[PDB]
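Here's the structure, in structure tokens; my notes come after.
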Amino acid sequence: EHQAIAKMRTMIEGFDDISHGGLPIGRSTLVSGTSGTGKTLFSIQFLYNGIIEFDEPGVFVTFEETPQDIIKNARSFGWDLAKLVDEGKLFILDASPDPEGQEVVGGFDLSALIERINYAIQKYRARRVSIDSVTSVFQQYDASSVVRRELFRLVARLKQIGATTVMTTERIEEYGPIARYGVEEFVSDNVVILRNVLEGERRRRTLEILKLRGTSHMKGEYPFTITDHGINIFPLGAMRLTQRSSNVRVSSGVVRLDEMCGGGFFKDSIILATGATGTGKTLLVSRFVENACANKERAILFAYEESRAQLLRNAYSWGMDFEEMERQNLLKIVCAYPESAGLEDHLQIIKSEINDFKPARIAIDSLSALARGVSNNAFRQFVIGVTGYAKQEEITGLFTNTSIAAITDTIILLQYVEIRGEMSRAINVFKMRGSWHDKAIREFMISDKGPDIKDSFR
Amino acid sequence: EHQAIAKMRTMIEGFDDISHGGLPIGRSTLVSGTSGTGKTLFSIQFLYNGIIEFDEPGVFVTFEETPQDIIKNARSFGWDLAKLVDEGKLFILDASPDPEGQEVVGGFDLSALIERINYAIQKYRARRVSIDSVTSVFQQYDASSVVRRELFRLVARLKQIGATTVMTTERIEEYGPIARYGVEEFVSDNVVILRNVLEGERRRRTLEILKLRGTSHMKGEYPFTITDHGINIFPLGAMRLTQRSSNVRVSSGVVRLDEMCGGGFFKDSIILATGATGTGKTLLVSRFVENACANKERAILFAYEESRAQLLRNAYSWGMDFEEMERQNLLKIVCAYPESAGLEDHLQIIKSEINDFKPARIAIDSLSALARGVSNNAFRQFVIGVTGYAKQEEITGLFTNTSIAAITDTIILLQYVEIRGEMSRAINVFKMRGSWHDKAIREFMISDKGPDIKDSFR
Amino acid sequence: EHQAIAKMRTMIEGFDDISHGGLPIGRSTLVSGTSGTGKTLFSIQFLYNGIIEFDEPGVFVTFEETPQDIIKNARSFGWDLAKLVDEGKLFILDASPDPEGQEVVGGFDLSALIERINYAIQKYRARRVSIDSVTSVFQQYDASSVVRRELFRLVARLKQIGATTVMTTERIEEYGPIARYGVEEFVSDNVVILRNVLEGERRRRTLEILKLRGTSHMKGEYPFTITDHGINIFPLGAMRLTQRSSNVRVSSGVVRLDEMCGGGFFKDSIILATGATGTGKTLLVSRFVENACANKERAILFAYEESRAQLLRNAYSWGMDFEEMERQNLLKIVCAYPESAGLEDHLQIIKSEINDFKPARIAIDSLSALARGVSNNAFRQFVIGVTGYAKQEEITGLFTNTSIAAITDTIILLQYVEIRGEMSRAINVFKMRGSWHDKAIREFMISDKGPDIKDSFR
Ligand SMILES: Nc1ncnc2c1ncn2[C@@H]1O[C@H](COP(=O)(O)OP(=O)(O)OP(=O)(O)O)[C@@H](O)[C@H]1O
Ligand SMILES: Nc1ncnc2c1ncn2[C@@H]1O[C@H](COP(=O)(O)OP(=O)(O)OP(=O)(O)O)[C@@H](O)[C@H]1O
Ligand SMILES: Nc1ncnc2c1ncn2[C@@H]1O[C@H](COP(=O)(O)OP(=O)(O)OP(=O)(O)O)[C@@H](O)[C@H]1O
Ligand SMILES: Nc1ncnc2c1ncn2[C@@H]1O[C@H](COP(=O)(O)OP(=O)(O)OP(=O)(O)O)[C@@H](O)[C@H]1O
Ligand SMILES: Nc1ncnc2c1ncn2[C@@H]1O[C@H](COP(=O)(O)OP(=O)(O)OP(=O)(O)O)[C@@H](O)[C@H]1O
Ligand SMILES: Nc1ncnc2c1ncn2[C@@H]1O[C@H](COP(=O)(O)OP(=O)(O)OP(=O)(O)O)[C@@H](O)[C@H]1O
Ligand SMILES: [Mg+2]
Ligand SMILES: [Mg+2]
Ligand SMILES: [Mg+2]
Ligand SMILES: [Mg+2]
Ligand SMILES: [Mg+2]
Ligand SMILES: [Mg+2]
């Protein structure tokens, strides 16, 4: 209702839409998670994007890893930190100890740990601080009520200096307490929790903001993925659309099908073909993709239950010759496998290939193959993400389901009808959005040229 | 995006496809698991394959087992370690204690344990170190925050020496914490966890890489099996195929069936026969196998619900004489039992027999017998593995199911039809991939010669 | 692939098929289980069968029971130990303490416990050692990391002496850790765990080998039963068969059933009669059993729902006179009750009666009565065990099920058909294996003589 707390953009893909503008300026943040969960590179990316984009130097405090290993690990993501250290922008502070030697109590914060930090801040004019593994200095005393004053004096002193801070903490369990001692969540103003939960012999990374005092955020768990470019969080939200085309109807391979359905599929719409097995869905996918090369357009076919070479053989059996249209770079075949990764990584692969090839038509074969063994919520998230990315990029998408409906625009239903001791077939344009769709039920046969929709069942 | 961390191949079957090229060079690795889980021989195999293939000497540090027992245990797998000790390649270091004597604090790392290791490394020019049961030296003090500095100084010193290291740690629970003290996962760069989980009065071994800092890997649990040659992990992934045959259609036993189905089964395809009990599925399996001897080819029949001798009796009742074609080594019968082992063991037996006999036809009788009592995910993994190995080796496979479909290529349906107070039968080629398949529904009878597909039900 | 570890046969019924030849020679073995689970008599039987069969003397170390009580407890199983002590074969060593007195630390191993053991081994030339309740000497100090070196020096010293050793350990929980302190499973080479799990107000004993270093075994839980002769484990595995009979077809009580079904039931086959209640299944069982006395053969009827006297009354109502054929010792009736014991106890009773009477025909009435309230897996094991023992002994078996099928050879289906306001019946030989089986559906009535298969339903 009035003035709010100013925030700082982290430039991590997807985090700034979750926290409503970034992290608050001048306050600490706790990033706690179990082992192997992705919390060391969060601070690395938070420093790197701040240096590169807005030209803000930052410091990095280490407790377990030497700086050379940090630079070597960050070298795999593409970005180089040794050059930025040479330029005097970034300063890796070392507080990890010697492999041999003695100790007394393990030092103290205002002894040297905050003094060297403050000297480096006033020397490099840093704006962002990333203290990593604060649990590595409190470990020497199992004194759960004594670490409160240590964390409190650290957070208060860093607030007095006036720099944005990210702290990192370890867990033991996945859905238990937020940290080890059950103290740090009641001290830090901002809490971010990372999970790596194992269910059904598969892992799944999620991110969650627990509290930001004095401002608003999004509540719940949001999935992410560590890739070659770093952490990639997936948010939600519908931007502006240009859906009002209504006259840029495109063909659907079969001209007899386009006699039905009002004159062709809309350019920005989701088409669903459904039916039992062996009924002719891959034939419709093949027609839909192979029609695109006649207008000199690009198209991608994601196959999830066929072995490419088999697709080429069946296509040449129908008279298609995907190899020729693959030579001219008008068709791409991915030929993946459903259990090779999770639905999250599959969605990332789909988005990367769509961005790489820039097509005009997308055909995902057998969504029902991606729905075997996974949970219902994850599959629903995958379907919504794929459909939203397809409709936002103005791409005609065709999906195949083996026997969602409130999301798709057109539905073609295929089936078997037993006639006189023989198994025939039938086709039916079940629904459309904004067109007349030929309410008859006609039969068809898969000949040696393709589908041939015959007269009705009267 | 840039230069990555160089890796070292362990030559374990299936591990190099999971970790994307092996283990990182010059960094430690934690292999933690419960009792009896296969973590001692992981290090033995990691040393042995490194010596044999690439000629890299290595050292083995012991804490509980005397070297003679290690050599005697490794002798059962076929490989001999005493000769390699004589050649001066491998050096079993002993740090296990005397059965009688005294102690002070149990020694220390830089006292003698790292000094003898470093002396042996500089003496034998070793490249691979396998410290086994590091928990056997930290046990004397229940000081969970004090073992952190010990493990850290060990890992850092071994990194300074610059050798690839594999450490071994014990657990108490299966799905609880990664190790005993909840510390070692936050110290070591690489974590590998082995499980031996008991569910439904059956055991199942799985392997999982939890984190590799600075590189990529596969996430989740992957099953393995300890055999006469060592650990045999089962990866995933489809290599190059030669599916584009389309012309090397083979017969299907019954020439009347080959009048249907377009002219025979394809050479590289999966055939599924389905129906209720008593409808004649083993008859089709018998015809399919006994056709192969007419062209002087090899064929295997995996029986899972019949007692060999009963198969012989029923075959002689149909006129097959399996002894004659078994005497010429053109037919092999396995005669196994479903609850005698798990699905991974069954798949390993199938693969070993296929590799041993080099056949052209595989007939697995009653997949529905293997699916009783097991979980759904394990059965799906078994089906995909068997089908992938069959289609990779260019082998015609016939599977029997008693009343999957998206993986098979042809489907034959059998059923009962009650006509005029009598129970008849019928046949129906339900689907095919890349052929015309005679959409009629005809009856057949199991006479004293075999099946006789009669006219239609009009 | 090469030379393996030599093993020693324990001669316990069923254990030598699980561990592939017995226990390894010269190494310890941990037998841990909760209270009342059957681990004291395991060592007693391991010593006794070694003395009796292979003429190997042994020693028995006691910690809580005086030797006189051990002899008195072993006297109930039939075997006598006092005679073997007199002959100088068995030596029951005593280490249990005095009911009154003092102590210092509770002694020590190399003080007297291993020295008296070694003296007895060198005196009696013993080969087998059975130390019982090793937890009774480490109990005085709750020092879970200090018992490790004690167990280690005990196992190493016993290996140096060179005798096969069986140790016994206690638990508190059923599916928790293997022992009390979570140490002994990481020390001993061989681990055997006994369970006595309570589920559904019933107990069930199982056995499991967890690890044998350097050799192979069976993985999972295997049920056993303590009887008058000792522990009796139930393994799996199909030996040689003589199923190729095909010409010894026996009659089926009703001759009108025998012009159907090809000429009679096969002599070594499993017959299943199924249908609703009140349909006439016990009549078929009665005919099947009472046919056997006409050829002067033996037959057993296991009744599980009816009540002896009632069977006699209904048989005399049908004209059977079971008392006369019982007087000549050609018929035996068991007259048990389903909830009187567990499925393993029922299977053991069935096997004992079959071995005792040496019959030619078994009729188990109402398998569906044994399947009420039990789990699915245990019932499946019961069915497979009964069928395998019946087919291995060359015994014709008839089973009754009230409305499996992939294991039985013939199926007779019985039902109700409502005709014109009256409830009739029908019969149908649903399936056979290796014979022609009269595919019609005929009716029958239960008259005052027996069944009368009438004409068909056309
Ligand atoms: N280039 C990469 N591509 C894919 N995944 C990567 C890549 N680099 C690292 N990873 C993954 O990211 C994770 C590494 O996380 P990071 O080391 O930054 O923190 P952390 O392991 O959670 O920290 P800590 O070890 O202190 O608990 C691992 O799961 C690793 O497999
Ligand atoms: N040359 C051909 N002549 C006749 N029919 C053919 C030919 N090639 C393929 N078919 C037909 O292809 C059908 C197999 O199904 P199809 O490959 O069209 O996939 P789908 O049922 O749409 O879906 P899915 O790929 O998920 O099984 C069979 O019914 C078969 O008749
Ligand atoms: N030749 C073999 N064939 C099959 N299984 C074997 C063979 N040799 C050993 N095994 C099995 O491998 C396992 C032995 O594992 P290994 O001795 O390498 O380590 P571990 O038992 O996990 O170690 P620790 O005892 O320290 O916990 C056991 O399950 C054993 O039954
Ligand atoms: N000599 C024979 N004459 C007539 N019918 C026979 C003969 N031998 C076997 N049969 C037939 O065999 C059938 C038994 O089924 P079959 O052994 O063919 O297996 P299936 O139904 O394909 O599957 P399953 O392996 O589950 O039994 C019976 O219906 C019976 O009619
Ligand atoms: N003759 C017998 N018939 C049937 N069951 C018997 C017979 N004798 C003993 N049992 C049963 O066997 C078990 C006795 O086991 P045993 O005394 O050998 O060891 P344990 O009870 O497991 O040992 P501990 O008391 O040290 O825990 C009891 O369940 C007892 O009821
Ligand atoms: N003397 C009789 N006259 C006519 N019918 C009789 C006579 N005795 C018995 N029955 C018949 O016995 C039937 C009862 O079923 P029956 O005792 O044959 O067992 P079942 O249905 O095969 O199985 P279960 O004994 O397991 O319930 C009744 O339908 C009844 O008609
Ligand atoms: Mg880290
Ligand atoms: Mg398809
Ligand atoms: Mg070990
Ligand atoms: Mg069969
Ligand atoms: Mg006892
Ligand atoms: Mg009855």
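Following the order of the structure tokens, chains are lettered A, B, ..., residues in each are numbered from 1, and ligands are numbered from 1.
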At most 8 Å is the cut-off: for each residue in chain B with any atom that close to an atom of chain A, write down the nearest atom pair and the distance in Å rounded to one decimal, counting only C-alpha atoms, chain first then increasing number, as JSON lines.
{"residue": "B:1", "atom": "CA", "partner": "A:78", "partner_atom": "CA", "distance": 4.5}
{"residue": "B:2", "atom": "CA", "partner": "A:78", "partner_atom": "CA", "distance": 4.8}
{"residue": "B:3", "atom": "CA", "partner": "A:76", "partner_atom": "CA", "distance": 5.9}
{"residue": "B:4", "atom": "CA", "partner": "A:76", "partner_atom": "CA", "distance": 5.0}
{"residue": "B:5", "atom": "CA", "partner": "A:76", "partner_atom": "CA", "distance": 7.4}
{"residue": "B:145", "atom": "CA", "partner": "A:139", "partner_atom": "CA", "distance": 6.0}
{"residue": "B:146", "atom": "CA", "partner": "A:140", "partner_atom": "CA", "distance": 7.4}
{"residue": "B:152", "atom": "CA", "partner": "A:99", "partner_atom": "CA", "distance": 7.5}
{"residue": "B:153", "atom": "CA", "partner": "A:99", "partner_atom": "CA", "distance": 4.8}
{"residue": "B:156", "atom": "CA", "partner": "A:99", "partner_atom": "CA", "distance": 6.5}
{"residue": "B:157", "atom": "CA", "partner": "A:99", "partner_atom": "CA", "distance": 6.8}
{"residue": "B:176", "atom": "CA", "partner": "A:173", "partner_atom": "CA", "distance": 7.9}
{"residue": "B:177", "atom": "CA", "partner": "A:172", "partner_atom": "CA", "distance": 6.8}
{"residue": "B:182", "atom": "CA", "partner": "A:172", "partner_atom": "CA", "distance": 6.8}
{"residue": "B:185", "atom": "CA", "partner": "A:35", "partner_atom": "CA", "distance": 6.4}
{"residue": "B:186", "atom": "CA", "partner": "A:35", "partner_atom": "CA", "distance": 6.1}
{"residue": "B:187", "atom": "CA", "partner": "A:64", "partner_atom": "CA", "distance": 7.7}
{"residue": "B:210", "atom": "CA", "partner": "A:36", "partner_atom": "CA", "distance": 6.5}
{"residue": "B:211", "atom": "CA", "partner": "A:36", "partner_atom": "CA", "distance": 5.1}
{"residue": "B:213", "atom": "CA", "partner": "A:73", "partner_atom": "CA", "distance": 6.8}
{"residue": "B:214", "atom": "CA", "partner": "A:73", "partner_atom": "CA", "distance": 4.3}
{"residue": "B:215", "atom": "CA", "partner": "A:76", "partner_atom": "CA", "distance": 6.9}
{"residue": "B:219", "atom": "CA", "partner": "A:203", "partner_atom": "CA", "distance": 6.2}
{"residue": "B:220", "atom": "CA", "partner": "A:202", "partner_atom": "CA", "distance": 4.7}
{"residue": "B:221", "atom": "CA", "partner": "A:201", "partner_atom": "CA", "distance": 5.3}
{"residue": "B:236", "atom": "CA", "partner": "A:340", "partner_atom": "CA", "distance": 6.8}
{"residue": "B:237", "atom": "CA", "partner": "A:340", "partner_atom": "CA", "distance": 7.1}
{"residue": "B:241", "atom": "CA", "partner": "A:309", "partner_atom": "CA", "distance": 6.6}
{"residue": "B:242", "atom": "CA", "partner": "A:309", "partner_atom": "CA", "distance": 6.8}
{"residue": "B:243", "atom": "CA", "partner": "A:309", "partner_atom": "CA", "distance": 5.4}
{"residue": "B:244", "atom": "CA", "partner": "A:313", "partner_atom": "CA", "distance": 5.3}
{"residue": "B:245", "atom": "CA", "partner": "A:313", "partner_atom": "CA", "distance": 7.8}
{"residue": "B:246", "atom": "CA", "partner": "A:313", "partner_atom": "CA", "distance": 7.0}
{"residue": "B:377", "atom": "CA", "partner": "A:373", "partner_atom": "CA", "distance": 7.0}
{"residue": "B:405", "atom": "CA", "partner": "A:277", "partner_atom": "CA", "distance": 7.5}
{"residue": "B:406", "atom": "CA", "partner": "A:277", "partner_atom": "CA", "distance": 7.1}
{"residue": "B:407", "atom": "CA", "partner": "A:305", "partner_atom": "CA", "distance": 6.9}
{"residue": "B:430", "atom": "CA", "partner": "A:278", "partner_atom": "CA", "distance": 7.8}
{"residue": "B:431", "atom": "CA", "partner": "A:278", "partner_atom": "CA", "distance": 5.5}
{"residue": "B:432", "atom": "CA", "partner": "A:278", "partner_atom": "CA", "distance": 7.3}
{"residue": "B:433", "atom": "CA", "partner": "A:314", "partner_atom": "CA", "distance": 7.3}
{"residue": "B:434", "atom": "CA", "partner": "A:314", "partner_atom": "CA", "distance": 5.4}
{"residue": "B:439", "atom": "CA", "partner": "A:422", "partner_atom": "CA", "distance": 5.6}
{"residue": "B:440", "atom": "CA", "partner": "A:422", "partner_atom": "CA", "distance": 4.4}
{"residue": "B:441", "atom": "CA", "partner": "A:421", "partner_atom": "CA", "distance": 5.3}
{"residue": "B:442", "atom": "CA", "partner": "A:421", "partner_atom": "CA", "distance": 7.8}
{"residue": "B:456", "atom": "CA", "partner": "A:421", "partner_atom": "CA", "distance": 6.5}
{"residue": "B:457", "atom": "CA", "partner": "A:421", "partner_atom": "CA", "distance": 5.1}
{"residue": "B:458", "atom": "CA", "partner": "A:420", "partner_atom": "CA", "distance": 5.3}
Preceding selection exported with N, CA and C atoms as a compact mmCIF listing (two decimals), in the first residue's frame:
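Wrote it out as result21.txt, contents follow:
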# COMPACT_ATOMS: atom_id res chain seq x y z
N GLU B 1 30.52 -25.93 -21.85
CA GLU B 1 30.71 -24.87 -22.83
C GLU B 1 32.19 -24.66 -23.12
N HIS B 2 33.03 -25.08 -22.18
CA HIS B 2 34.47 -24.90 -22.26
C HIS B 2 35.14 -26.20 -21.83
N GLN B 3 36.42 -26.11 -21.49
CA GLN B 3 37.21 -27.28 -21.10
C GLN B 3 36.66 -27.92 -19.83
N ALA B 4 36.61 -29.25 -19.83
CA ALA B 4 36.04 -30.02 -18.74
C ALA B 4 37.13 -30.78 -17.99
N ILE B 5 36.73 -31.42 -16.89
CA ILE B 5 37.66 -32.19 -16.08
C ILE B 5 37.95 -33.52 -16.76
N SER B 145 31.94 -34.47 14.96
CA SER B 145 32.50 -33.23 14.44
C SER B 145 34.03 -33.23 14.39
N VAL B 146 34.68 -34.28 14.88
CA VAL B 146 36.14 -34.33 14.94
C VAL B 146 36.63 -35.17 13.77
N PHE B 152 39.05 -34.62 6.00
CA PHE B 152 39.46 -33.51 5.15
C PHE B 152 40.96 -33.50 4.92
N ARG B 153 41.74 -33.74 5.98
CA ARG B 153 43.19 -33.74 5.82
C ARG B 153 43.65 -34.94 5.00
N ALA B 156 42.65 -34.02 1.27
CA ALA B 156 43.51 -32.95 0.77
C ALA B 156 44.94 -33.43 0.54
N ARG B 157 45.47 -34.26 1.44
CA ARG B 157 46.83 -34.75 1.25
C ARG B 157 46.90 -35.69 0.05
N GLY B 176 18.22 -44.05 5.03
CA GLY B 176 18.52 -42.99 5.96
C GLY B 176 19.65 -42.11 5.47
N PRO B 177 20.57 -41.75 6.36
CA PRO B 177 21.70 -40.92 5.96
C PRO B 177 22.72 -41.67 5.11
N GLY B 182 27.19 -38.58 9.20
CA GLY B 182 26.59 -37.47 8.47
C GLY B 182 27.57 -36.37 8.13
N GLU B 185 29.83 -37.02 3.28
CA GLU B 185 29.26 -36.63 2.00
C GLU B 185 29.57 -35.17 1.68
N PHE B 186 29.79 -34.36 2.70
CA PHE B 186 30.09 -32.94 2.52
C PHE B 186 31.57 -32.66 2.39
N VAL B 187 32.41 -33.69 2.43
CA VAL B 187 33.85 -33.54 2.31
C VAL B 187 34.35 -34.05 0.97
N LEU B 210 25.72 -39.82 -6.48
CA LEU B 210 25.01 -38.71 -5.86
C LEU B 210 25.51 -37.36 -6.34
N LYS B 211 26.82 -37.15 -6.39
CA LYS B 211 27.35 -35.92 -6.93
C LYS B 211 28.74 -36.16 -7.48
N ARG B 213 31.42 -33.18 -8.47
CA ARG B 213 31.60 -31.74 -8.58
C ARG B 213 32.32 -31.39 -9.88
N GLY B 214 31.76 -30.45 -10.63
CA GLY B 214 32.41 -29.92 -11.80
C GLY B 214 32.17 -30.68 -13.09
N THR B 215 31.36 -31.73 -13.08
CA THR B 215 31.04 -32.46 -14.30
C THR B 215 29.62 -32.99 -14.18
N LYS B 219 21.42 -39.35 -12.94
CA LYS B 219 20.81 -39.19 -11.63
C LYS B 219 19.75 -40.26 -11.41
N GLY B 220 19.83 -40.93 -10.27
CA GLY B 220 18.90 -41.98 -9.90
C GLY B 220 19.62 -43.27 -9.57
N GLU B 221 18.84 -44.31 -9.35
CA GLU B 221 19.36 -45.63 -9.01
C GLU B 221 19.37 -46.52 -10.24
N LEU B 236 21.39 -47.85 -19.81
CA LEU B 236 20.39 -47.66 -20.85
C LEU B 236 21.03 -46.93 -22.02
N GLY B 237 20.25 -46.74 -23.08
CA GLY B 237 20.77 -46.01 -24.24
C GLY B 237 20.73 -46.86 -25.49
N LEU B 241 21.27 -48.59 -35.16
CA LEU B 241 20.46 -49.73 -35.55
C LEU B 241 20.59 -50.00 -37.04
N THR B 242 20.18 -51.20 -37.43
CA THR B 242 20.07 -51.62 -38.82
C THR B 242 18.68 -52.18 -39.08
N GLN B 243 17.67 -51.45 -38.63
CA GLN B 243 16.28 -51.86 -38.71
C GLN B 243 15.72 -51.86 -40.13
N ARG B 244 16.36 -51.15 -41.06
CA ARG B 244 15.81 -50.99 -42.40
C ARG B 244 16.00 -52.23 -43.26
N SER B 245 15.51 -53.38 -42.80
CA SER B 245 15.59 -54.60 -43.60
C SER B 245 14.45 -54.67 -44.61
N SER B 246 13.21 -54.78 -44.10
CA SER B 246 11.96 -54.67 -44.86
C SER B 246 11.77 -55.72 -45.96
N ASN B 377 7.55 -51.39 -11.94
CA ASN B 377 8.71 -50.73 -12.52
C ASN B 377 9.80 -51.73 -12.89
N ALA B 405 2.36 -53.52 -25.27
CA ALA B 405 1.76 -53.46 -26.59
C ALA B 405 2.32 -52.33 -27.44
N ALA B 406 2.83 -51.28 -26.82
CA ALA B 406 3.44 -50.17 -27.54
C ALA B 406 4.89 -50.44 -27.92
N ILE B 407 5.44 -51.59 -27.53
CA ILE B 407 6.83 -51.93 -27.80
C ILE B 407 6.88 -53.02 -28.86
N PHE B 430 -3.94 -58.73 -34.98
CA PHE B 430 -4.49 -57.47 -34.49
C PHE B 430 -3.78 -56.26 -35.08
N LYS B 431 -2.45 -56.30 -35.14
CA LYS B 431 -1.71 -55.16 -35.67
C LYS B 431 -0.39 -55.63 -36.25
N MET B 432 0.17 -54.82 -37.14
CA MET B 432 1.49 -55.03 -37.71
C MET B 432 2.13 -53.67 -37.92
N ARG B 433 3.45 -53.65 -38.05
CA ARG B 433 4.16 -52.42 -38.37
C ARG B 433 4.84 -52.58 -39.72
N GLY B 434 4.25 -52.01 -40.76
CA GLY B 434 4.86 -52.01 -42.07
C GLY B 434 4.45 -53.16 -42.97
N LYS B 439 -7.29 -58.28 -42.03
CA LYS B 439 -8.16 -57.81 -40.95
C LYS B 439 -9.34 -58.71 -40.58
N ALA B 440 -9.45 -59.89 -41.18
CA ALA B 440 -10.53 -60.81 -40.85
C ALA B 440 -10.33 -61.44 -39.47
N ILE B 441 -11.37 -62.13 -39.00
CA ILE B 441 -11.34 -62.89 -37.75
C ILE B 441 -11.77 -64.31 -38.09
N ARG B 442 -10.83 -65.24 -38.11
CA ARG B 442 -11.09 -66.61 -38.50
C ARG B 442 -10.94 -67.54 -37.30
N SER B 456 -14.26 -67.48 -41.91
CA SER B 456 -14.56 -66.35 -41.04
C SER B 456 -15.89 -66.52 -40.30
N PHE B 457 -16.15 -65.57 -39.40
CA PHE B 457 -17.37 -65.53 -38.59
C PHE B 457 -18.38 -64.54 -39.17
N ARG B 458 -18.85 -64.82 -40.38
CA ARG B 458 -19.86 -63.96 -40.99
C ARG B 458 -21.24 -64.59 -40.88
Would you return as a list in words the members of segment 208-290 of chain B that DSSP assigns to strand (DSSP E or B) on this structure's backbone?
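Assigned to strand (DSSP E or B), within segment 208-290 of chain B: residues 208, 209, 210, 211, 212, 222, 223, 224, 225, 226, 227, 230, 231, 232, 233, 250, 265, 270, 271, 272, 273, 274 and 275 of chain B.
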Selection file, C-alpha atoms, as a CSV table (one decimal), in the first residue's frame:
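Saved file again_0.csv follows:
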chain,number,residue,atom,x,y,z
B,208,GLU,CA,23.7,-44.4,-7.7
B,209,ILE,CA,26.0,-41.5,-8.2
B,210,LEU,CA,25.0,-38.7,-5.9
B,211,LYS,CA,27.3,-35.9,-6.9
B,212,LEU,CA,30.4,-35.3,-9.1
B,222,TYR,CA,20.6,-48.2,-11.5
B,223,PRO,CA,20.5,-52.0,-10.9
B,224,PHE,CA,23.5,-54.2,-10.9
B,225,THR,CA,24.4,-57.8,-10.3
B,226,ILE,CA,27.5,-59.5,-8.8
B,227,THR,CA,28.5,-62.5,-11.0
B,230,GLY,CA,32.4,-59.0,-11.0
B,231,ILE,CA,29.9,-56.2,-10.9
B,232,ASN,CA,27.7,-56.0,-14.0
B,233,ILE,CA,25.7,-52.8,-14.1
B,250,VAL,CA,10.9,-64.9,-42.3
B,265,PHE,CA,7.2,-62.0,-39.7
B,270,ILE,CA,9.0,-58.5,-31.7
B,271,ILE,CA,5.9,-60.8,-32.0
B,272,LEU,CA,3.4,-60.9,-29.2
B,273,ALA,CA,0.8,-63.7,-28.9
B,274,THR,CA,-2.0,-63.0,-26.4
B,275,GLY,CA,-5.1,-64.6,-25.1
Please list as number ranges by chain every residue within 12 Å of residue 346 of chain B, counting only C-alpha atoms and excluding residues in the same chain fewer than 5 positions away.
B: 225, 302-304, 334, 336-341, 351-353, 364, 367, 370, 378-379, 382-383, 385-386
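Residues in contact range of segment 107-115 of chain A, defined as at most 9 Å between only C-alpha atoms, with sequence neighbours fewer than 2 positions away removed, read residues 95, 103, 104, 105, 117, 118, 119, 120, 137, 150, 153, 154, 157 and 158 of chain A.
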Give me, as a list in words, the set of residues whose atoms come within 6 Å of any atom of ligand 10, counting only C-alpha atoms and all ligand atoms.
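Taking only C-alpha atoms and all ligand atoms into account, the residues around ligand 10 at most 6 Å away are residues 281, 282, 365 and 366 of chain B.
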Between atom CA of residue 389 of chain A and atom CA of residue 18 of chain A, what distance in Å does the model show, to one decimal?
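Answer for the atom CA of residue 389 of chain A to atom CA of residue 18 of chain A separation: 18.5 Å.
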Could you give me the residues within segment 39-84 of chain C that DSSP places in helix (DSSP H, G or I), as a PyMOL selection string?
chain C and resi 40-52+67-77+82-84
Name the residues in contact with residue 16 of chain B at a cut-off of 12 Å, using only C-alpha atoms, excluding same-chain residues fewer than 6 positions from it; report them as a PyMOL selection string.
chain B and resi 7-10+22-24+46+209+217-218+232-236
Counting only C-alpha atoms, the option among A:394, A:178, A:450, A:387 closest to residue 286 of chain A
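Looking only at the distances to residue 286 of chain A, the closest residue turns out to be A:450.
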All residues 7 Å or closer to residue 391 of chain B, only C-alpha atoms, same chain fewer than 4 positions away omitted, as number ranges by chain:
B: 268-269, 387, 395
Now that the selection is made, can you save its residues with C-alpha atoms as a PDB file, in the first residue's frame?
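Saved result, selection_13.pdb, follows:
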ATOM      1  CA  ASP B 268      14.115 -58.049 -36.667  1.00  0.00           C
ATOM      2  CA  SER B 269      10.789 -57.577 -34.874  1.00  0.00           C
ATOM      3  CA  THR B 387      13.350 -56.295 -26.194  1.00  0.00           C
ATOM      4  CA  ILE B 395      17.021 -61.653 -33.493  1.00  0.00           C
TER       5      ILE B 395
END
